[PDB]
Amino acid sequence: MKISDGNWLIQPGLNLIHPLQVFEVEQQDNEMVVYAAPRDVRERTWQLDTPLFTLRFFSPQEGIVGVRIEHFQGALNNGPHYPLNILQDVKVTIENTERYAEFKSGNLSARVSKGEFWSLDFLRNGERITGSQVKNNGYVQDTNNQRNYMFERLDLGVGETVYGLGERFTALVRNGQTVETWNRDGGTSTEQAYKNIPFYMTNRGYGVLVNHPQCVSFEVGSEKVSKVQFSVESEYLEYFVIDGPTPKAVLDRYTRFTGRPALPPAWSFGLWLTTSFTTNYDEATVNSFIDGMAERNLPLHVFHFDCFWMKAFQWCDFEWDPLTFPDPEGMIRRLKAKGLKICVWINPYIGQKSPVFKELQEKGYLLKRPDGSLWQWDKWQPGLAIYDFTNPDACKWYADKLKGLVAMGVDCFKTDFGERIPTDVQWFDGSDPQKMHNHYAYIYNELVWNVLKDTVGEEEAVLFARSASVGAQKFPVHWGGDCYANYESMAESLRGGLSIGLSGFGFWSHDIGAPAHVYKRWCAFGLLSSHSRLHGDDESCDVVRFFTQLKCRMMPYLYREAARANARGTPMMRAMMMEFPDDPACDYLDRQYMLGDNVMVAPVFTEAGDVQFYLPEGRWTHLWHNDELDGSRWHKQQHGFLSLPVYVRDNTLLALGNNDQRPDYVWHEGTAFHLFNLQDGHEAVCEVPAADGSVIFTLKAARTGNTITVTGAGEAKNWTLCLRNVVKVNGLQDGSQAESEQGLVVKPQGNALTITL
Amino acid sequence: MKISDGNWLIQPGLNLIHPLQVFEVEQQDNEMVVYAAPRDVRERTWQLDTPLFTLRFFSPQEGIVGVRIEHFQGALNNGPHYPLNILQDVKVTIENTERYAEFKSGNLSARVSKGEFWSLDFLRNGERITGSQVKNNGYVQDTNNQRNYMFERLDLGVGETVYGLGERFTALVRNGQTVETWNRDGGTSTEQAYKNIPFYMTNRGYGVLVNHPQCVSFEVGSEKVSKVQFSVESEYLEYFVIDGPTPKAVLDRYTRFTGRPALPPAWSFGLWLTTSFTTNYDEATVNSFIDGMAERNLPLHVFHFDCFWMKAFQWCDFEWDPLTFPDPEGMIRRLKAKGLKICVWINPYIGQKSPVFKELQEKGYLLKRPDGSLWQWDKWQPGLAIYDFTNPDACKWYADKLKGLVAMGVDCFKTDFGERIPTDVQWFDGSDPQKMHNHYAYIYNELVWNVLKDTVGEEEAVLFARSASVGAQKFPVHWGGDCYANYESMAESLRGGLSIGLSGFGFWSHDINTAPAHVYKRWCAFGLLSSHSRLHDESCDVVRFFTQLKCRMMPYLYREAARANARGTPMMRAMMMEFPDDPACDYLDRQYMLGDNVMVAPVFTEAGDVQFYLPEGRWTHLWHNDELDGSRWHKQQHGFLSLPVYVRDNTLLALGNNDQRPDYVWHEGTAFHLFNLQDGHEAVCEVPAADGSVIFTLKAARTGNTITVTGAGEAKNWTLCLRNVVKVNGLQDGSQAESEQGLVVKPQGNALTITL
Amino acid sequence: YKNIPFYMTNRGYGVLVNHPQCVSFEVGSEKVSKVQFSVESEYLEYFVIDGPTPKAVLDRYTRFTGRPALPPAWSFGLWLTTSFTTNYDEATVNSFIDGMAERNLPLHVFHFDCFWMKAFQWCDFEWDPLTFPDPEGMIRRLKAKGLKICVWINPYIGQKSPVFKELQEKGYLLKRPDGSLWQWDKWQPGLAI
């Protein structure tokens, strides 16, 4: 929101007070408390008739410094709070000197200047990475609406860019944007978002989480041009500065703090498939479609049932439409008879037309208005009511229906909607409606995730969630949303996926979204993502088959990268800036991305096939075209529909499977490793994972002089090692040699080989 | 202004209607008129009881297509209106088939789809560069405030970035930002701007001017992520799509259309110096301050007097403070006797304390409220009032005061304010207060500029203007405002200067308190390597070094300044403008091109670390002479007398033989510098005369290892340095000698040939 | 569409409330046995019109406010108009009257609807060249055949009309207090009065 009016004035009707001078520094165990006056209070006769700010510094995790700025403490401060993991014994140091008051956790410290010239600085090993200059934080008394706010403005450095704030579709870099963290169903082509996260990162190696579930208004370089401003309707403001010299280290700390992405089941990384909305007429039409996929040798691994598996206007009362699906479990078992996994559509609302509606109304499981009447409106469904998830009995009832569905054989759920949560309501537990709005996305998905964790097992739990909130990354695979059939929308989509990754979410799915050429280009992008769903000519079939097979082969690689998201919070689809923080040329790249640690992907956004992309320093190799390009610059290429820039970094050792028909299989058996530009004095390591994500086998290829020493440790049989762009060598100690299109294929005998170039 | 609420809803209280179906297309000499219904109207019945949009397509000139979309024509629609140059005889073709209605001017055309699927597309030789999709333009009846708006959303393609919208200090690329073109005094570090221009440009080679002086609210990819939305409180909306395959071409058409930047005098490119806002206490505290300058051999060319030459609280009654400057005229002559040009501070407001206030009030020369009382407030000056430049006699009174200053010896004026123009007033000529707010900036600077033209001569006219509006680029040298003393602020300032250039302004000056010495030193390099520089012990060395460099660069710099006047190509150019084809240049904003061939990257650190991008080619540092190959970024460290200044290859640069001033005979003793001339290439260099016309051309063409140097025009005692060439094995019609930068050749006339 | 602040009773008298602005009547609707009338005004004027019988009341009332004129006999004939917007041309209206000629249905007066003018320009008195190329020709042909003709007209004008700008420049259209034109999109786009 607008607080200032240019640098010399305040917006009409706003009264501001700021922490201008330190009055007293106190130490309460593991925390530091600073009391600051909004005016000069050095003379005792002035130590009265003035407000006083209370700044409390604490650390919930190593390297994370929390700041709580308080005006009044007498406020109710109810509602739900974010699911943060707070430690009590974090090692920190507090130094209260003549000129400063410094609090430190890890290499990150918060320092406040005493005497004249107030200042709040965040230091890394004594170097300022950001901070709040005098008069840049404080209390806002709005006399126009009689509401009060707290605000802070953290400095931005020269060339410092901002990322995150959830899954957004506006320009990747947030500088210049106003952002309201408030879940809304506005599509994927506007400033609104289904998944808002009051967390942002910069290319300077730190992150920030504004710990408030209610709406937080960010002005990122949009009011004060070189500052990230944030305000919230509250009597106190609390935020956490998260260090990690590197963006990746920030995500590590951030996810450890708010929730680690779970590792989805290998079978979920396959091609999901749903029939055109409203065409699921019956079992036959569904089988005719699935058979059509097989008749054209198109791998299908997951089938999804849209909204119409239930009767119209009574959506999510969990009653199958008799006139459509007479025998639910019979049809599901028949479908699963074939490898197929099953997913069905659901949401947290319920139409009045449903026979179950009256029942729930009587039991009181639906969200009510303060007067006891049901909260209702006609958006989405007629007389639509909302399941009150603050009521244990409503949760139980909802979960039970889900278990009923799992018992029939459904494997996962597409948790749709969940954004439009009203505030003119009264929750069963008396939560603050302003905070419940966003957090509702969390409880709703948490409830569904626990059902799968209790029926199919945590390792098997997968979801397709459209809404999110802090901590919701723990319930994997968030779906991108709508998307129209044009290139600009496809580009918008990518920015959204990239942004969610920069927000702590490790997995992202979207639909292969109407000119045939657009569809075909989107295919490559779709399959070259962590999760992809095919929604609804003959070349089109070649394209789907091609990349579906391609993805299945990349699983040994893909899945290990997926384990990284669960362990470190490193999303699989990564913005270029995250992987090459120190490269100035990567700051704004939003049309390409790293798929895992070593693969650069650049979807093409033209019918002709023209595409431009940048490659950081090094010599890259196309995954299958095998051509080489030098880095630190941009490139222009023209690709057919069965191609796109997919380059592999140098000094790389990739792991590809011998199965291009499915995602889930024995990756360490018959696995084919590929070595890419291993430089003299470099070692390329490769870790093939086990179905559970653990490292089952480790291959290493070190180069000294012109001698390559490949050594394997773990469990793997009948594997091969292909030296890319190496037609022939003159020294193969302990192994067999062969020729291929991509290079010299070495067949070993024992995990220990040596090759002289 | 938020119109939609997500992709599925509309903001509460808004009733929208859009042009959904073409009903009729009528041609009317040079203009194509399209009537569009807000609903299906094919059947004769139902061809009533419905609103109707009237779309008029016209061309004010070649390559510019105007679009006026109106609801009601019965509104007052009072002026002022932008000072557009509207040619009446432009060659255009109207093609009205039964599938499309198309209006064309040059290579640009506007096409409307007939039938069931409405569409408004803008084509460049048949290819779409942008357009408006159905329901992305129309009328907004806002029942909340009882106001009505017109809006349009022009498509943005994949990777298409937006630039411009005036001198703004937010991120350079506008995507994601909301912008209100309304002049304000908000400093240089907020979303506000002193110089608002409802014109924007993209990296796709076209521009758009929204023809409305009142506030235009832009949602640049901030409402509809891939569209530039703009709305205005009006019963009609008019905008101009401006073709220009390349950004420079867009700016050429745009400046020809709204005004060409004038050519400032060479002496204005020197170093300006001002009195600290709290220092000019006497005629001596200054008369002696400029000596300290001389003593340390610091070339100073223009001296500026701040607000305090007048008595406090009486600001801008034009009266010299008797207790401070007893003899203004005598003091000015002494300053001019030291080779200084003189500039004084002025503004369009007047404090009530001034003995003149009473006089202006009685004559009715001050802006009044509707009841006839005076409009006043206490901001800036106590009981401050505004000169009503819409009142002829008030203009003359103000002008006569200005003429009085020129008579005393003042050479130019710093037109300082003009932003906070109230709207709850009644202008003498009955202008619409909403449109007058911004346009006042124009009227005010036009008045002052014309006085100079009438007194010192058009070629001697120069200003330091803080405020601006469309067309005001015609009154050269707009000042970037006051910046805080830090690096982040320095960066913000540059974005502003780059943005104003992307907005039609060809010149831009900025200032170089309590700033750490290092920041101050880095800023000096930036300051002098700009169009115009104003200043305000190693720091002396830096100021001296860079002033001397700028003076040496004048033969090249001034020719570039003539480019601005002739083609509207700003001197300080955004990398994107100079290299539209390069992807790596879309977001570059911490570096720039100073004229056609010099890349400047200011360093924003004490340690001297700096990172910059260089386009394809082999570049040479202006004075270090080291080379770097482009198409990638570079990292370097520079001391305080250095920073990245790289010369493009295949360029012939003219440097002068005088480092003490900017105004001298450039074509005499001129030292030419040839930088990496490739085989099969030709490098041309035009040295200008004082009036900006080319007075001598030097050309170096290479074939094999033979470089043919040919020159025409007047110039003498010139030389040619072959940068990084140790020696040649063949020189015809010339002498040679070694040099730090490389072998220097002396001609025997002006037609020598060299063999590498 | 036609309001008249005058009423009569079965007791042989009438009452005219003399106010052109809105008069509000509560006829036995507030006070069941009284005719109540009110008006925004600083004075009230009404006329009690006698005449033992209803006819004598109307005699006096029409004498007082205006006698109905006597229309020409031919107007008492059978007026004819085509379906709205079906007058596609001269040939179309002829074949229509000729269809009347046969079947022996006497046709005395023909009426031209709104569409004799251009759509959205209604009542700029401008014939639509695409439909009726020769207006005077067609009229004389319809007449000179026994037919009297009537044409549709109204006191409003749509903005699309080429004469709108003229009427606007001459100041002939109803204006708001601030001098701008009064307009709205009901009946005709940018309709003026």
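Every chain's residues are listed with numbers counted from 1 in the order the sequence is written; these need not match the entry, and residues without coordinates are not shown. The naming scheme follows written order: chains are lettered A onward, ligands numbered 1 onward. Although these chains sit within a larger assembly, the values stated refer solely to the portion shown. Note that water and hydrogens are dropped before the side-chain values are worked out from all heavy atoms of the structure.

- Header annotation of the entry names X-ray crystallography as the structure determination method and lists the resolution as 2.4 Å.

What to know about the nonpolar core
Part 1: Ranked by size, the top nonpolar core spans 177 residues in total, and within it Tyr398 and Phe413 of chain B carry the most contacts.
Part 2: Secondary structure elements follow DSSP: runs of H or I no shorter than four residues count as helices, runs of E no shorter than two count as strands, and numbering proceeds from the N terminus. No other element matches helix α10 (residues 538-567) of chain B, which puts 12 residues into this core.
Part 3: Should any heavy atoms of two residues lie within 4.5 Å, those residues are counted as being in contact. The residues touching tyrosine 398 of chain B, leaving out its near neighbours within four places in the chain, are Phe318, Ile346, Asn347, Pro348, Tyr387, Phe389, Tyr444, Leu447 and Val448 of chain B.
Part 4: Counting residues in hydrophobic clusters, the runner-up holds 157 residues, among them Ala262, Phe389, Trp479 and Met577 of chain A. Nine residue types can take part in a nonpolar core, namely buried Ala, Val, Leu, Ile, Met, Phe, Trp, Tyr and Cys, and a core is a set of them joined through side-chain atoms within 4.5 Å. Only protein chains enter the calculation, and the probe is 1.4 Å; a residue is then buried if its accessible area is under 20% of its type maximum, exposed if over 50%, and partly exposed in between.

Quick word on the environment of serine 226 of chain B
Part 1: Residue position: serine 226 of chain B is located in the loop between β19 (217-220) and β20 (227-232).
Part 2: Sequence spacing of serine 226 of chain B and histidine 301 of chain B is 75 residues, and the spatial spacing of their C-alpha atoms is 49 Å.
Part 3: Non-local contacts of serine 226 of chain B, meaning those with residues more than four positions away in its chain, are made with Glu488, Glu492 and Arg495 of chain A together with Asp155 and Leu156 of chain B.

Details of the interface of chain C and chain B
Part 1: Facing 25 residues of chain C, the contacting portion of chain B comprises 19 residues.
Part 2: Between chain C and chain B, roughly 1900 Å² of surface is buried when both sides are summed, and carbon and sulfur atoms account for 59% of that area.
Part 3: Values labelled buried area give the accessible surface lost by two parts on being combined, using a 1.4 Å probe and summing over both. Contact with chain B buries area across many residues of chain C, yet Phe120, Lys160 and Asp185 of chain C alone supply 31% of it, more than any other trio.
Part 4: When a carboxyl oxygen of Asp or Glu lies within 4 Å of a side-chain nitrogen of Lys or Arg, that pair is called a salt bridge. At the boundary of chain C with chain B, the tally comes to one salt bridge.
Part 5: A salt bridge links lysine 160 of chain C to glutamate 24 of chain B; the nearest nitrogen and oxygen atoms lie 3.1 Å apart.
Part 6: By the criterion applied in these results, polar contacts are pairs of N or O atoms within 3.5 Å in which, for protein atoms, one can donate a hydrogen and the other can accept it, and in which residues neighboring in sequence qualify only through two side-chain atoms. Where chain C touches chain B, the interface holds eight residue pairs in polar contact.

A short note on the sheet that holds strand β5 (residues 46-49) of chain C
Residue and element names in this part refer to chain C.
Part 1: Strand pairing requires that DSSP identify at least two bridges connecting the strands. Ordered by their spatial adjacency, three strands build an open sheet running β1-β2-β5, and the pairing between neighbours is antiparallel. Where the open sheet ends on each side, the last strands, each with one partner, are β1 (6-8) and β5. Averaged over all pairs of adjacent strands, the angle between their axes in this sheet comes to 15°, without regard to strand direction.
Part 2: For strand β2 (residues 14-17) and β5, the ladder comprises four bridges, and the chain directions are antiparallel. When the sheet's bridge partners are listed, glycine 14 is paired in β5 with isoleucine 49.
Part 3: Set on the sheet, helix α1 (residues 54-65) makes contact with β1, β2 and β5; between it and β1 the angle comes to about 160°. Whenever a helix is involved, its axis is fitted only over the stretch in contact; in every case the axis is a line through C-alpha atoms, and angles between N-to-C directions fall within 0 to 180 degrees.

Quick word on the pattern of salt bridges
Part 1: A full pass over the atoms with the stated rule returns 99 salt bridges over all chains.
Part 2: For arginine 466 of chain B, the salt bridge identified is with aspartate 416 of chain B, shortest N-O distance 3.4 Å. A residue pair is termed long-range when its members are at least 10 positions apart, and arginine 466 of chain B in the loop between α7 (433-455) and β28 (478-479) and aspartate 416 of chain B in the loop between β27 (412-415) and α7 qualify at 50 residues. Each member of the pair, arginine 466 of chain B together with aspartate 416 of chain B, is buried.
Part 3: Where salt bridges share partners, they join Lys248, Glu561, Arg564, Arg574, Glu579, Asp597 and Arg649 of chain A into one cluster.

Some details on the packing of aromatic side chains
Remark: the centre distance and the inter-plane angle together describe each pair of aromatic rings, the angle taken between the planes.
Part 1: Ring geometry is summarised as follows: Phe, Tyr and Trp rings, the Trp one being its six-membered ring, pair when their centres sit within 6.5 Å, and such pairs are stacked at plane angles under 30 degrees, edge-to-face over 60 and tilted between the two. Summed over all chains, the structure comprises 119 aromatic pairs over all chains.
Part 2: Aromatic pair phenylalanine 218 of chain A and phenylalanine 230 of chain A: ring centres 5.9 Å apart, planes at 55°, arrangement tilted. Here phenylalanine 230 of chain A lies in strand β20 (residues 227-232) and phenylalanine 218 of chain A lies in strand β19 (residues 216-220), a separation of 12 residues in the sequence.
Part 3: For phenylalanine 218 of chain A, a relative accessible area of 0% puts it in the buried group.
Part 4: Overall, the relative accessible area of 0% leaves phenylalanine 230 of chain A in the buried class.
Part 5: Between the aromatic rings of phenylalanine 580 of chain A and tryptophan 620 of chain A, the centroid separation amounts to 6.4 Å while the plane-to-plane angle is 50°, which identifies the pairing as tilted. Here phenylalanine 580 of chain A is found in the loop between α10 (576-579) and β32 (593-595), whereas its partner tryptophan 620 of chain A is found in strand β35 (residues 619-622), with 40 residues between them in sequence.
Part 6: You can call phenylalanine 580 of chain A buried: its relative accessible area is 13%.
Part 7: Here the aromatic residues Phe318, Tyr387, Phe389, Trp397, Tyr398, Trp427, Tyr440 and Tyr444 of chain A are joined through ring pairs into a cluster of three or more.
Part 8: Any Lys NZ or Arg CZ that is within 6 Å of a ring centre and within 35 degrees of that ring's normal is treated as a charge sitting over the ring. Of note, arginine 39 of chain B hangs over the ring of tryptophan 46 of chain B, and the distance from its end group to the ring centre comes to 5.0 Å.

Examining the interface of chain A and chain B
Part 1: Listed by partner, the interface residues are 48 residues for chain A and 47 residues for chain B.
Part 2: Together, the buried faces of chain A and chain B total about 3700 Å²; carbon and sulfur atoms form 56% of this surface.
Part 3: Summed over the shared surface of chain A and chain B, the number is two salt bridges.
Part 4: A salt bridge links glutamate 191 of chain B to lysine 2 of chain A; the shortest N-O distance between them is 3.3 Å.
Part 5: If you look at where chain A meets chain B, you find 15 residue pairs in polar contact.
Part 6: Elements with a minimum of two residues in the side of chain A that touches chain B: α7 (487-501) and β37 (633-638) of chain A.
Part 7: The biggest single contributor to the side of chain A that touches chain B is α7 of chain A, with five residues.

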